[PDB]
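# as a preliminary step, the opening chains of the complex are given here in situ:
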Amino acid sequence: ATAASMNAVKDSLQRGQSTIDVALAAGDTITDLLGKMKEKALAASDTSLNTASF
């Protein structure tokens, strides 16, 4: 019985792996968007821009 009970342990570990995989995909999206936001802040920091570009 103790040996057969390991199936639930393996299933729970696999489910945790899937949860972390989804989290990493979302994190990659968030990092790309954060890089774009950095570039927008850098571009807007310039004082020679007109009102429309800002």
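Okay, I see it. Residues are numbered from 1 along each chain as shown, chains lettered A, B, ... in the order given.
# next, name the residue at the spatial heart of chain A.
By Cα atoms, centre = their mean, the mean C-alpha position of chain A lies nearest to residue A:27, the distance being 0.6 Å.
# now it: which helix or strand?
Element membership for residue A:27, per DSSP states H and E: helix A:6-44.
# which helices and strands sit right next to that helix?
Contacts defined by 3 or more Cβ pairs under 8 Å, 6 or more residues apart in numbering; DSSP states H and E place helix A:6-44 against no helix or strand at all. Yep, even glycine has a C-beta here, placed from its N, CA and C like the rest.
# distance of residue A:49 from residue A:18?
46 Å (Cβ to Cβ, to the nearest Å).
# next one is chain B, place it on the structure:
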Amino acid sequence: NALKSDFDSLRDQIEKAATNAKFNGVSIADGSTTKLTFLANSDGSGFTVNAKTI
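That brings us to chain B, laid onto the chains above:
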């Protein structure tokens, strides 16, 4: 009187030429602003260029 009239016309033409010196709504020669700052790094470091009124 003719020389004085040509003097006045050239003075007005300088004033107009100084007025029209703009690039996308900003200018470094008409005296609109004291200085312009441009990006010099990803950290937002500037490239100060003091304006020279003409």
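# tell me, how many residues neighbour residue 4?
All of this is about chain A. If you count neighbours by other Cβ atoms under 10 Å in any protein chain shown, residue A:4 ends up with 7.
# think we crossed wires, I meant chain B
Residue B:4, neighbours per other Cβ under 10 Å, totals 8.
# just how off-centre is the helix or strand in which it is found within its chain?
Using DSSP H and E, residue B:4 falls within helix B:2-19. Computed by Cα atoms, centre = their mean, to the nearest Å, the separation of helix B:2-19 from the middle of its chain amounts to 17 Å.
# can you tell me the strand partners of the next helix or strand after it and which way each runs?
Sequence-wise, the next helix or strand downstream of helix B:2-19 (DSSP H and E) is strand B:35-36. When pairs are called by DSSP bridges, strand B:35-36 turns out to pair with strand B:49-50 (antiparallel).
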